[PDB]
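These notes are about the structure you will find just below.
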Amino acid sequence: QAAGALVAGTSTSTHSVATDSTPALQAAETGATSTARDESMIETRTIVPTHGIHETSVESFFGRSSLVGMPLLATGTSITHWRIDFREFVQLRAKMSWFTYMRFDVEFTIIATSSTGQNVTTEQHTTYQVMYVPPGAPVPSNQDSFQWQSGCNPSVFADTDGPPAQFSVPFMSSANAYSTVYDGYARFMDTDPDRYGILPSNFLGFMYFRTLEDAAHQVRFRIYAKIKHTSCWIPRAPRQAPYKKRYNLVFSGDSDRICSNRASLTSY
Amino acid sequence: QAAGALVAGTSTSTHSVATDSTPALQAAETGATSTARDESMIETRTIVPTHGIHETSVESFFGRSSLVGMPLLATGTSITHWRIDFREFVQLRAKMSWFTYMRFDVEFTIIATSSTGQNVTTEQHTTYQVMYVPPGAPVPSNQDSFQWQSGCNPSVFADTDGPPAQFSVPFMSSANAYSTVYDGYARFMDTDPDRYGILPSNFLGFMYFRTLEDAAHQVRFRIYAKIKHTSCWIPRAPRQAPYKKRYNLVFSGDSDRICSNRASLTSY
Amino acid sequence: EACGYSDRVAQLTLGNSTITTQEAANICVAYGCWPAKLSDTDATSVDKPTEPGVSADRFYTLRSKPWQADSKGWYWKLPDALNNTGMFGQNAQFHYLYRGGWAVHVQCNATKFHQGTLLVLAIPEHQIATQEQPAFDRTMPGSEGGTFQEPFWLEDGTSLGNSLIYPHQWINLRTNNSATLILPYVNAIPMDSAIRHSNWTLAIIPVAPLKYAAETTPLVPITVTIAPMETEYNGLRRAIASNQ
Amino acid sequence: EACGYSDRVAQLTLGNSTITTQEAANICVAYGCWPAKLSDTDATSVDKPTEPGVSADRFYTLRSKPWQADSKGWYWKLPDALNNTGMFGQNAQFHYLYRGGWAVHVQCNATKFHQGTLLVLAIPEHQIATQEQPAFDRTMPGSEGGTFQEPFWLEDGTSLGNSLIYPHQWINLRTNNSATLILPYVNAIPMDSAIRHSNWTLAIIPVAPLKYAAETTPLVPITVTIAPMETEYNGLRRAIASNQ
Amino acid sequence: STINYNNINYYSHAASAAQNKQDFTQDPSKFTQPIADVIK
Amino acid sequence: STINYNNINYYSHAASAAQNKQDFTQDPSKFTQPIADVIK
Amino acid sequence: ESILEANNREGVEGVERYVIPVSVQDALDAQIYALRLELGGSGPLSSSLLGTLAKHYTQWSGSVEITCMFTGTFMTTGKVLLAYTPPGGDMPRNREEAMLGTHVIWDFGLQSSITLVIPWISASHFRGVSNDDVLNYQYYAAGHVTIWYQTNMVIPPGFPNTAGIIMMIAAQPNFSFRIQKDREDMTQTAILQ
Ligand SMILES: CCCCCCCCCCCCCC(=O)O
Ligand SMILES: CCCCCCCCCCCCCC(=O)O
């Protein structure tokens with residue numbers, strides 16, 4: 001697979017003195033973007049295309065790991081979980097805001113770190129279990145619970161102090177692509193605001209964590225997600241206001257402006 | 001790829017008694033180096049070329065790792081950074097002083113070591129994060145900061161007590177080659193001495209470090225750089241005076257001499 | 001097998017100016033490259049360039065300097081020294097970008113009764129520094145040029161002795177009357193601002209001091225004549241003469 | 001058999017400048033000649049000429065003038081009006097000789113509620129004279145231009161009515177927004193001094209005064225944009241800006 | 001300026017593979033010229 | 001005295017590869033004989 | 001093309017920030033607008049489509065295009081001059097200085113809009129998108145775009161003496177971005193829930 005597509009070039013131009021051909025004159029009402037090229041506006045020289053465009057490709061744009069979850073396992077219970085979304089942290093969420101529909105695979109990498117009550121690093125070696133709990137499967141209640149047998153649910157076991165755990169996931173939606181946005185309701189005969197903009201087809205379940213023996217120290221799980229094998233459809237005006245909640249788009253919007261203000265439009 | 005180029009040889013010579021051909025006589029005013037060869041100055045025997053020249057090739061000369069940075073992470077903040085230059089340590093800096101322009105790739109290797117307040121080695125196992133913070137990206141303020149999500153900035157995670165971290169970097173300048181020297185100013189309408197000899201195109205940003213949990217002991221990062229895939233242009237008189245500052249070429253120059261002095265030019 | 005005969009006389013003609021010399025030491029072409037215009041593949045600035053030709057591609061003579069007994073050396077930054085002289089200067093001011101080569105002719109005549117040796121150097125990216133970082137009047141001295149304070153260190157912490165790695169000629173009075181260097185454009189990018197970056201530095205340093213067959217000695221000057229070559233300019237706007 | 005449709009819109013692009021107009025009256029090319037460079041057989045000055053190209057061969061816009069009720073007319077001498085502006089001016093100053101054509105675009109917009117008619121003329125060798133012989137400030141007014149004192153006589157003892165024999169266009173508000181004239185070089189010799197001889201005179205004269213559907217009327221300006229064409233210069237020396 | 005990578009996936013499922021290094025050529029016209037009667 | 005190495009790079013980018021073992025022949029003449037009228 | 005938040009004068013609140021005002025003048029050669037050509041933070045350019053896309057990259061190259069659409073009545077006329085000034089100095093003080101650079105003369109008529117192409121005129125090949133003061137990225141300065149009255153906006157009696165210009169901006173075909181980085185305006189003080 002080769003990534004050698006180039007940007008466009010420039011060819012030489014000369015003076016125009018035409019009473020018919022006028023490319024400088026547009027009509028934006030049509031909804032069409034300007035048709036004018038450098039060559040038709042100034043006398044231009046020749047420039048051979050030498051610049052690549054791979055770093056702006058949909059694959060390269062999303063193809064790197066980002067923090068998406070960060071559950072904390074307490075010593076008293078020795079068990080936490082994480083609802084599988086990409087809505088908890090802003091950086092990735094805002095990257096996805098550029099598109100309406102996205103179909104892709106995911107590569108998860110999990111890094112475990114032990115700490116003290118005062119949140120300072122400590123040495124702790126145990127084995128933890130990450131179990132995928134899909135909708136309908138029974139949830140574990142304790143570090144002891146029988147649900148950890150993992151007869152059908154898939155599980156990953158790794159050491160607290162060993163290399164990060166890592167695995168890939170296919171495109172799982174019941175739909176044909178995930179939706180970053182949804183102008184509709186989650187249920188029929190229900191019109192509750194908490195159910196507006198919620199598309200259940202994007203929620204594949206939870207990830208449950210536990211240590212194989214009662215935990216001596218804290219243990220925090222950092223879950224990283226790499227979007228790969230990406231297909232995107234219908235670009236959107238990206239998010240400009242900050243995110244306040246995880247499941248909706250509400251914003252503060254105090255001052256109705258995005259860029260900086262200045263004294264005059266005629267001076268900097 | 002083969003490295004078999006040889007040094008030149010010697011062929012047999014005999015006595016010359018010529019009233020026209022005089023190779024011993026030169027004229028250095030032309031700026032040209034002497035044209036005389038061993039064979040034309042003495043009766044020489046034949047010597048078959050047996051010596052190689054690969055260890056003096058531009059690639060071999062620069063192709064080995066050297067210390068370029070050495071940030072120290074304190075226990076109170078649990079975060080440091082490093083401005084990406086090769087001007088902090090003298091050995092590599094002086095090697096580069098032989099050329100004006102250099103185009104190359106870099107291989108970074110990072111070694112982490114934990115110590116006590118009295119700077120003695122201690123045992124400490126945590127995971128650290130190295131994040132590339134390019135110009136314009138927001139800088140992390142704490143070990144906690146949201147900037148560490150690394151949604152777009154690339155990051156490397158490795159253990160304090162695990163093998164060294166390592167990765168390669170392409171030739172990144174906006175220019176067509178890096179400049180070891182710059183006879184100009186960093187900005188327009190500015191003539192400040194602090195901005196003379198500063199070529200912003202060589203500064204790609206910072207490397208920010210943190211431990212994934214508050215640090216228990218010191219932790220020092222040694223950053224090694226290997227220049228590879230090198231292209232060099234315009235050789236220079238190398239640096240003879242010691243380096244005093246990181247961003248300019250000032251020197252002390254007390255005694256105006258480089259080599260040792262002697263009593264007479266006629267005796268050792 | 002021989003080194004001096006018909007290489008002593010020379011005539012260079014550019015535009016409406018011609019230079020002659022009866023005691024030359026051949027011609028030095030820096031790095032063996034002749035000045036040339038920017039390639040379609042190397043280029044980046046899209047606007048059609050201005051190529052002044054004869055109006056700027058010609059010889060300009062700067063004010064002469066007297067060679068004195070205590071003289072340490074002189075230097076001129078290029079294009080700096082010519083940025084405000086003639087049609088070349090005008091084009092350099094009116095455009096944001098410039099690219100060009102040089103034809104340098106340094107001249108110093110004396111008599112068969114004098115002795116002295118000048119080293120004439122063309123230093124690329126001659127970023128200077130002394131015990132302190134230099135001020136604008138030192139880094140871009142204009143047509144008057146500057147003077148070395150630490151010539152042994154070449155004003156950069158290196159060495160005068162190793163400076164022969166840079167394009168050069170010698171004006172050794174018992175041999176020659178002058179030096180001629182042809183310089184191609186050098187930079188790590190295609191073009192650059194004439195007012196913010198000096199590509200080459202012309203340096204003239206006395207290595208063997210001027211002595212005569214008497215204690216007096218008439219005024220012996222050093223004159224610098226320079227010609228821009230194969231120039232092109234992009235980014236036309238108003239004229240801007242310095243980076244101040 | 002028809003006289004107005006797609007001839008109303010126009011775009012002229014020279015160097016780094018482009019002009020557009022949505023209410024033109026076609027383009028007038030003086031004497032049917034397009035500007036052209038000097039022939040080897042017509043030429044006389046032996047030195048190789050300077051051909052600035054894009055740096056000078058582009059559009060320059062002069063300060064606007066307000067069209068008032070008592071306005072008699074305005075005029076600009078060429079190359080005079082541009083002799084001190086941009087890269088064109090620099091070349092005209094540095095050389096003893098100059099030759100060139102022009103692209104003139106006079107613009108004046110109002111509203112469908114106004115009425116007025118301007119005569120735009122390009123007069124060759126417009127030697128002026130009133131009840132007395134004119135002073136330098138009248139003959140070579142520079143970029144500010146001059147004003148007619150006796151427009152009926154065309155400031156030369158002839159007549160405004162017969163001036164249609166000179167290349168011209170009309171800016172009749174009910175019809176057009178502007179005028180465009182392309183002028184070739186005219187002289188009885190191959191080249192001439194830009195500072196001592198004005199080849200063409202751009203004249204704008206109100207023939208039908210500006211009236212409006214009210215007594216007030218907003219400021220209605222007249223703007224002149226001019227472009228040198230197919231220029232060449234000979235006799236390079238120092239810059240000399242005026243004949244004073 | 002034309003990075004050609006090695007496919008090679010040691011696993012059974014397509015999801016396991018690394019990111020697609022292939023560059024598909026863009027067609028901005030769906031967004032820049034969505035008009036029916038295209039004029040130039 | 002002719003060390004021939006194995007190219008082989010397991011990564012997608014050229015930057016990832018090891019140092020070039022190839023020896024290009026030097027041409028000192030740009031620096032030793034920069035004179036126009038070359039004499040020997 | 002996306003609309004520029006061009007009317008960023010202190011005190012103007014949303015939507016009205018998208019319309020630069022033009023009005024009948026009582027003075028000649030008057031100025032309409034000034035904009036420093038930067039893809040880097042804060043400015044009107046940064047909140048656009050091209051601008052928020054630049055918030056994710058660290059280097060850029062290419063030509064940019066600015067299309068302006070006049071919003072006045074059908075009977076109101078005018079001629080404006082749009083100019084791009086390559087770097088080196090400051091913003092043009094008068095129209096006589098501005099016209100010396102790359103420009104276009106716009107005539108209001110049946111064609112509501114005009115396009116000013118801001119050609120890639122750089123010494124570099126690539127420029128940095130930031131103006132980072134610490135690393136001296138103002139080294140990568142790209143110039144200024146200014147707008148002036150060429151003639152004047154003239155209206156019939158009783159008509160609105162003030163209308164507007166809507167500026168839109170897009171990248172051209174020779175435009176590319178390099179090196180992905182994080183947006184500085186997308187922050188988080190706590191986990192979202
Ligand atoms: C270990 C079991 C893995 C199952 C993971 C499925 C991951 C799919 C992520 C889809 C994110 C949807 C976008 C959103 O958060 O709104
Ligand atoms: C993890 C992000 C890596 C980005 C590294 C870019 C390294 C380029 C080094 C260039 C050194 C320039 C020479 C100098 O220091 O003056």
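We label chains A, B, ... in the order they appear in the structure tokens, count residues from 1 in each chain, and number ligands from 1 in the order shown.
Using only C-alpha atoms, the residues found no farther than 7 Å from residue 33 in chain F, other than those of its own chain fewer than 2 positions away, are residues 32 and 33 of chain B; 29, 30, 31 and 35 of chain F.
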Keeping only N, CA and C atoms, write the selected residues to a file as a JSON list (two decimals), in the first residue's frame.
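What ended up in part-v8.json:
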```
[["chain", "number", "residue", "atom", "x", "y", "z"],
["B", 32, "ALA", "N", 43.90, 27.60, -4.78],
["B", 32, "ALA", "CA", 43.92, 26.18, -5.08],
["B", 32, "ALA", "C", 44.96, 25.45, -4.22],
["B", 33, "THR", "N", 44.64, 24.21, -3.86],
["B", 33, "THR", "CA", 45.53, 23.39, -3.05],
["B", 33, "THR", "C", 46.61, 22.79, -3.96],
["F", 29, "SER", "N", 37.81, 18.13, -5.57],
["F", 29, "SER", "CA", 37.98, 19.24, -6.51],
["F", 29, "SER", "C", 37.10, 20.50, -6.33],
["F", 30, "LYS", "N", 35.93, 20.38, -5.70],
["F", 30, "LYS", "CA", 35.06, 21.55, -5.46],
["F", 30, "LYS", "C", 35.80, 22.49, -4.48],
["F", 31, "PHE", "N", 36.63, 21.88, -3.63],
["F", 31, "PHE", "CA", 37.39, 22.56, -2.59],
["F", 31, "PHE", "C", 38.91, 22.72, -2.89],
["F", 35, "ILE", "N", 39.44, 26.82, -9.04],
["F", 35, "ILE", "CA", 39.85, 27.81, -10.04],
["F", 35, "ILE", "C", 39.18, 27.52, -11.40]]
```
Excluding same-chain residues fewer than 6 positions from residue 20 in chain E, what lies within 8 Å of it counting only C-alpha atoms, as a short mmCIF file (atom, residue, chain, number, x, y, z; two decimals) with N, CA, C and O atoms, in the first residue's frame?
```cif
data_model
loop_
_atom_site.label_atom_id
_atom_site.label_comp_id
_atom_site.auth_asym_id
_atom_site.auth_seq_id
_atom_site.Cartn_x
_atom_site.Cartn_y
_atom_site.Cartn_z
N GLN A 1 0.84 -1.24 0.00
CA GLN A 1 0.00 0.00 0.00
C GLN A 1 0.87 1.29 0.00
O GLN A 1 1.65 1.50 0.93
N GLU A 59 -7.32 8.33 7.65
CA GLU A 59 -6.65 7.29 8.42
C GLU A 59 -5.57 7.84 9.34
O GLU A 59 -5.52 7.48 10.51
N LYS A 228 -8.70 2.80 13.71
CA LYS A 228 -7.99 2.38 12.50
C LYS A 228 -8.96 1.77 11.50
O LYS A 228 -10.02 1.29 11.90
N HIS A 229 -8.59 1.80 10.22
CA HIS A 229 -9.44 1.27 9.13
C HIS A 229 -10.71 2.11 9.06
O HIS A 229 -11.83 1.60 8.95
#
```
> Which protein, DNA or RNA residues have an atom within 7 Å of ligand 2, counting only C-alpha atoms and all ligand atoms, as a PyMOL selection string?
Replying inline: chain B and resi 84-87+106+131-132+154+169+172+178-180+202-204+207
Residues within 12 Å of residue 21 in chain E, please, as a short mmCIF file (atom, residue, chain, number, x, y, z; two decimals) with C-alpha atoms, in the first residue's frame. Count only C-alpha atoms; anything in the same chain fewer than 6 positions from it doesn't count.
```cif
data_model
loop_
_atom_site.label_atom_id
_atom_site.label_comp_id
_atom_site.auth_asym_id
_atom_site.auth_seq_id
_atom_site.Cartn_x
_atom_site.Cartn_y
_atom_site.Cartn_z
CA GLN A 1 0.00 0.00 0.00
CA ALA A 2 1.54 3.36 -1.15
CA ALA A 3 0.88 6.91 0.23
CA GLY A 4 2.29 8.99 -2.65
CA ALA A 5 -0.55 11.34 -3.65
CA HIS A 54 -0.94 11.85 3.67
CA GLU A 55 -0.88 13.48 7.09
CA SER A 57 -5.90 11.62 5.35
CA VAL A 58 -8.77 10.31 7.40
CA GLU A 59 -6.65 7.29 8.42
CA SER A 60 -3.63 9.29 9.58
CA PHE A 61 -5.84 11.81 11.35
CA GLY A 63 -4.80 6.54 13.59
CA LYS A 228 -7.99 2.38 12.50
CA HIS A 229 -9.44 1.27 9.13
CA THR A 230 -11.54 4.41 9.07
CA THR E 2 5.52 8.47 -1.19
CA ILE E 3 5.68 6.17 1.89
CA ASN E 4 4.99 2.57 0.68
CA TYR E 5 4.44 0.14 3.63
CA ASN E 6 4.48 -3.65 4.18
CA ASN E 7 0.98 -5.20 4.46
CA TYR F 11 8.94 -0.54 9.32
CA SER F 12 6.85 1.61 6.94
CA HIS F 13 8.81 4.88 7.04
#
```
Every residue of range 57-195 of chain A that DSSP places in strand (DSSP E), as a PDB file with N, CA and C atoms, in the first residue's frame:
```
ATOM      1  N   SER A  66      -5.398   7.497  22.010  1.00  0.00           N
ATOM      2  CA  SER A  66      -5.805   8.614  22.881  1.00  0.00           C
ATOM      3  C   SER A  66      -6.488   8.037  24.118  1.00  0.00           C
ATOM      4  N   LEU A  67      -6.402   8.759  25.232  1.00  0.00           N
ATOM      5  CA  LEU A  67      -7.027   8.345  26.489  1.00  0.00           C
ATOM      6  C   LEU A  67      -8.556   8.410  26.302  1.00  0.00           C
ATOM      7  N   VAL A  68      -9.269   7.338  26.636  1.00  0.00           N
ATOM      8  CA  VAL A  68     -10.725   7.346  26.479  1.00  0.00           C
ATOM      9  C   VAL A  68     -11.427   6.936  27.765  1.00  0.00           C
ATOM     10  N   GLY A  69     -10.667   6.334  28.675  1.00  0.00           N
ATOM     11  CA  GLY A  69     -11.227   5.900  29.940  1.00  0.00           C
ATOM     12  C   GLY A  69     -10.157   5.864  31.007  1.00  0.00           C
ATOM     13  N   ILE A  79     -12.431  -3.904  42.421  1.00  0.00           N
ATOM     14  CA  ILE A  79     -13.217  -4.023  41.207  1.00  0.00           C
ATOM     15  C   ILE A  79     -13.831  -2.668  40.767  1.00  0.00           C
ATOM     16  N   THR A  80     -13.716  -2.351  39.471  1.00  0.00           N
ATOM     17  CA  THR A  80     -14.311  -1.139  38.849  1.00  0.00           C
ATOM     18  C   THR A  80     -14.813  -1.590  37.497  1.00  0.00           C
ATOM     19  N   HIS A  81     -15.222  -0.615  36.701  1.00  0.00           N
ATOM     20  CA  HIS A  81     -15.710  -0.888  35.363  1.00  0.00           C
ATOM     21  C   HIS A  81     -15.681   0.412  34.560  1.00  0.00           C
ATOM     22  N   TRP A  82     -15.925   0.289  33.261  1.00  0.00           N
ATOM     23  CA  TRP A  82     -15.934   1.431  32.370  1.00  0.00           C
ATOM     24  C   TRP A  82     -16.997   1.238  31.273  1.00  0.00           C
ATOM     25  N   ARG A  83     -17.889   2.218  31.133  1.00  0.00           N
ATOM     26  CA  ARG A  83     -18.944   2.196  30.111  1.00  0.00           C
ATOM     27  C   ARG A  83     -18.189   2.548  28.807  1.00  0.00           C
ATOM     28  N   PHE A  99     -17.081  14.718  11.709  1.00  0.00           N
ATOM     29  CA  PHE A  99     -17.887  13.853  10.859  1.00  0.00           C
ATOM     30  C   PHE A  99     -19.175  13.373  11.488  1.00  0.00           C
ATOM     31  N   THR A 100     -20.154  13.051  10.648  1.00  0.00           N
ATOM     32  CA  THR A 100     -21.442  12.555  11.113  1.00  0.00           C
ATOM     33  C   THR A 100     -21.417  11.040  11.295  1.00  0.00           C
ATOM     34  N   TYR A 101     -20.914  10.314  10.298  1.00  0.00           N
ATOM     35  CA  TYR A 101     -20.852   8.854  10.389  1.00  0.00           C
ATOM     36  C   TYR A 101     -19.419   8.367  10.237  1.00  0.00           C
ATOM     37  N   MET A 102     -19.048   7.383  11.043  1.00  0.00           N
ATOM     38  CA  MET A 102     -17.699   6.833  11.005  1.00  0.00           C
ATOM     39  C   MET A 102     -17.769   5.328  11.207  1.00  0.00           C
ATOM     40  N   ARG A 103     -17.060   4.596  10.366  1.00  0.00           N
ATOM     41  CA  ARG A 103     -17.011   3.154  10.492  1.00  0.00           C
ATOM     42  C   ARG A 103     -15.522   2.875  10.708  1.00  0.00           C
ATOM     43  N   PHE A 104     -15.183   2.088  11.728  1.00  0.00           N
ATOM     44  CA  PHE A 104     -13.769   1.805  12.002  1.00  0.00           C
ATOM     45  C   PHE A 104     -13.553   0.662  12.982  1.00  0.00           C
ATOM     46  N   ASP A 105     -12.292   0.247  13.107  1.00  0.00           N
ATOM     47  CA  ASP A 105     -11.897  -0.802  14.048  1.00  0.00           C
ATOM     48  C   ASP A 105     -11.158  -0.068  15.169  1.00  0.00           C
ATOM     49  N   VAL A 106     -10.992  -0.710  16.319  1.00  0.00           N
ATOM     50  CA  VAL A 106     -10.304  -0.061  17.423  1.00  0.00           C
ATOM     51  C   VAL A 106      -9.215  -0.928  18.020  1.00  0.00           C
ATOM     52  N   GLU A 107      -8.145  -0.276  18.451  1.00  0.00           N
ATOM     53  CA  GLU A 107      -7.051  -0.971  19.098  1.00  0.00           C
ATOM     54  C   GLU A 107      -6.934  -0.388  20.496  1.00  0.00           C
ATOM     55  N   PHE A 108      -7.224  -1.205  21.493  1.00  0.00           N
ATOM     56  CA  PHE A 108      -7.145  -0.755  22.868  1.00  0.00           C
ATOM     57  C   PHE A 108      -5.817  -1.130  23.492  1.00  0.00           C
ATOM     58  N   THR A 109      -5.272  -0.214  24.284  1.00  0.00           N
ATOM     59  CA  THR A 109      -4.035  -0.448  25.011  1.00  0.00           C
ATOM     60  C   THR A 109      -4.345  -0.004  26.424  1.00  0.00           C
ATOM     61  N   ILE A 110      -4.064  -0.870  27.385  1.00  0.00           N
ATOM     62  CA  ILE A 110      -4.343  -0.567  28.776  1.00  0.00           C
ATOM     63  C   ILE A 110      -3.077  -0.540  29.620  1.00  0.00           C
ATOM     64  N   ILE A 111      -2.864   0.575  30.317  1.00  0.00           N
ATOM     65  CA  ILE A 111      -1.712   0.732  31.197  1.00  0.00           C
ATOM     66  C   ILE A 111      -2.153   0.785  32.668  1.00  0.00           C
ATOM     67  N   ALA A 112      -1.649  -0.133  33.489  1.00  0.00           N
ATOM     68  CA  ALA A 112      -2.015  -0.137  34.903  1.00  0.00           C
ATOM     69  C   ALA A 112      -0.918   0.450  35.801  1.00  0.00           C
ATOM     70  N   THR A 113      -1.336   1.293  36.750  1.00  0.00           N
ATOM     71  CA  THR A 113      -0.429   1.931  37.720  1.00  0.00           C
ATOM     72  C   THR A 113      -0.969   1.897  39.164  1.00  0.00           C
ATOM     73  N   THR A 127      -1.956  -9.810  39.133  1.00  0.00           N
ATOM     74  CA  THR A 127      -2.509 -10.030  37.832  1.00  0.00           C
ATOM     75  C   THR A 127      -3.915  -9.446  37.869  1.00  0.00           C
ATOM     76  N   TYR A 128      -4.277  -8.695  36.839  1.00  0.00           N
ATOM     77  CA  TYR A 128      -5.618  -8.143  36.801  1.00  0.00           C
ATOM     78  C   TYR A 128      -6.353  -8.802  35.659  1.00  0.00           C
ATOM     79  N   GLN A 129      -7.668  -8.755  35.728  1.00  0.00           N
ATOM     80  CA  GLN A 129      -8.476  -9.329  34.688  1.00  0.00           C
ATOM     81  C   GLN A 129      -9.386  -8.242  34.129  1.00  0.00           C
ATOM     82  N   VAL A 130      -9.439  -8.147  32.804  1.00  0.00           N
ATOM     83  CA  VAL A 130     -10.330  -7.197  32.161  1.00  0.00           C
ATOM     84  C   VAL A 130     -11.334  -8.106  31.468  1.00  0.00           C
ATOM     85  N   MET A 131     -12.614  -7.926  31.768  1.00  0.00           N
ATOM     86  CA  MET A 131     -13.629  -8.763  31.150  1.00  0.00           C
ATOM     87  C   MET A 131     -14.645  -7.927  30.403  1.00  0.00           C
ATOM     88  N   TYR A 132     -14.955  -8.343  29.180  1.00  0.00           N
ATOM     89  CA  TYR A 132     -15.934  -7.632  28.376  1.00  0.00           C
ATOM     90  C   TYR A 132     -17.310  -8.118  28.805  1.00  0.00           C
ATOM     91  N   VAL A 133     -18.137  -7.203  29.302  1.00  0.00           N
ATOM     92  CA  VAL A 133     -19.472  -7.567  29.740  1.00  0.00           C
ATOM     93  C   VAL A 133     -20.486  -6.929  28.807  1.00  0.00           C
ATOM     94  N   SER A 155     -11.995 -12.349  28.040  1.00  0.00           N
ATOM     95  CA  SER A 155     -11.192 -11.698  29.084  1.00  0.00           C
ATOM     96  C   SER A 155      -9.707 -11.580  28.724  1.00  0.00           C
ATOM     97  N   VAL A 156      -9.045 -10.593  29.318  1.00  0.00           N
ATOM     98  CA  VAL A 156      -7.614 -10.411  29.118  1.00  0.00           C
ATOM     99  C   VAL A 156      -6.998 -10.326  30.503  1.00  0.00           C
ATOM    100  N   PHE A 157      -5.951 -11.119  30.723  1.00  0.00           N
ATOM    101  CA  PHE A 157      -5.229 -11.130  31.992  1.00  0.00           C
ATOM    102  C   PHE A 157      -3.805 -10.632  31.737  1.00  0.00           C
ATOM    103  N   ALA A 158      -3.340  -9.714  32.571  1.00  0.00           N
ATOM    104  CA  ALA A 158      -1.994  -9.177  32.434  1.00  0.00           C
ATOM    105  C   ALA A 158      -1.515  -8.763  33.814  1.00  0.00           C
ATOM    106  N   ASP A 159      -0.207  -8.562  33.946  1.00  0.00           N
ATOM    107  CA  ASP A 159       0.381  -8.152  35.218  1.00  0.00           C
ATOM    108  C   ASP A 159       0.313  -6.656  35.422  1.00  0.00           C
ATOM    109  N   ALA A 165      -1.420  -4.099  28.241  1.00  0.00           N
ATOM    110  CA  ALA A 165      -2.234  -5.114  27.579  1.00  0.00           C
ATOM    111  C   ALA A 165      -2.714  -4.472  26.282  1.00  0.00           C
ATOM    112  N   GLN A 166      -2.970  -5.270  25.251  1.00  0.00           N
ATOM    113  CA  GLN A 166      -3.409  -4.690  23.981  1.00  0.00           C
ATOM    114  C   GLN A 166      -4.147  -5.658  23.075  1.00  0.00           C
ATOM    115  N   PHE A 167      -5.191  -5.164  22.418  1.00  0.00           N
ATOM    116  CA  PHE A 167      -5.983  -5.991  21.517  1.00  0.00           C
ATOM    117  C   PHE A 167      -6.823  -5.160  20.547  1.00  0.00           C
ATOM    118  N   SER A 168      -7.260  -5.797  19.465  1.00  0.00           N
ATOM    119  CA  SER A 168      -8.077  -5.129  18.465  1.00  0.00           C
ATOM    120  C   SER A 168      -9.537  -5.565  18.538  1.00  0.00           C
ATOM    121  N   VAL A 169     -10.418  -4.704  18.036  1.00  0.00           N
ATOM    122  CA  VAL A 169     -11.855  -4.948  18.030  1.00  0.00           C
ATOM    123  C   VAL A 169     -12.351  -4.557  16.633  1.00  0.00           C
ATOM    124  N   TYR A 178     -21.017   4.014  12.866  1.00  0.00           N
ATOM    125  CA  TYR A 178     -21.347   4.652  14.143  1.00  0.00           C
ATOM    126  C   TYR A 178     -21.782   6.091  13.803  1.00  0.00           C
ATOM    127  N   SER A 179     -22.624   6.686  14.650  1.00  0.00           N
ATOM    128  CA  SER A 179     -23.083   8.063  14.455  1.00  0.00           C
ATOM    129  C   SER A 179     -22.480   8.934  15.568  1.00  0.00           C
TER     130      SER A 179
END
```
> Can you list, as number ranges by chain, every protein, DNA or RNA residue that comes within 12 Å of residue 23 in chain A when you count only C-alpha atoms, leaving out same-chain residues fewer than 5 positions away?
Replying inline: A: 16, 18, 34-42; D: 9-13, 18-21; E: 39-40; G: 67, 104, 111, 113-117
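Taking CA of residue 218 in chain C and CA of residue 172 in chain C as the two end points, the separation is 18.0 Å.
For the atom pair formed by CA of residue 9 in chain B and CA of residue 47 in chain B, the distance is 5.7 Å, given to one decimal.
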>> Residues of chain C within 6 Å of chain B, counting only C-alpha atoms, what are they? List them as a count of residues only.
In response: 26
>> Please extract the residues of range 112-232 of chain A with a backbone DSSP assignment of helix (DSSP H, G or I) and present them as an MDAnalysis selection string.
In response: chainID A and resid 146:149 193:195 200:202
List every residue of chain G that has an atom at most 7 Å from any atom of chain C, and for each one report the closest atom pair and its distance in Å to one decimal, counting only C-alpha atoms, with rows sorted by chain and then by increasing residue number, as a tab-separated table.
```
residue	atom	partner	partner_atom	distance
G:85	CA	C:237	CA	6.1
G:86	CA	C:235	CA	5.7
G:87	CA	C:96	CA	6.3
G:88	CA	C:96	CA	6.2
G:89	CA	C:240	CA	6.8
G:97	CA	C:238	CA	6.4
G:100	CA	C:237	CA	5.1
G:101	CA	C:237	CA	4.2
G:119	CA	C:46	CA	6.5
G:120	CA	C:45	CA	5.8
G:121	CA	C:45	CA	4.5
G:122	CA	C:45	CA	5.4
G:123	CA	C:191	CA	4.9
G:124	CA	C:189	CA	5.8
G:125	CA	C:44	CA	5.4
```
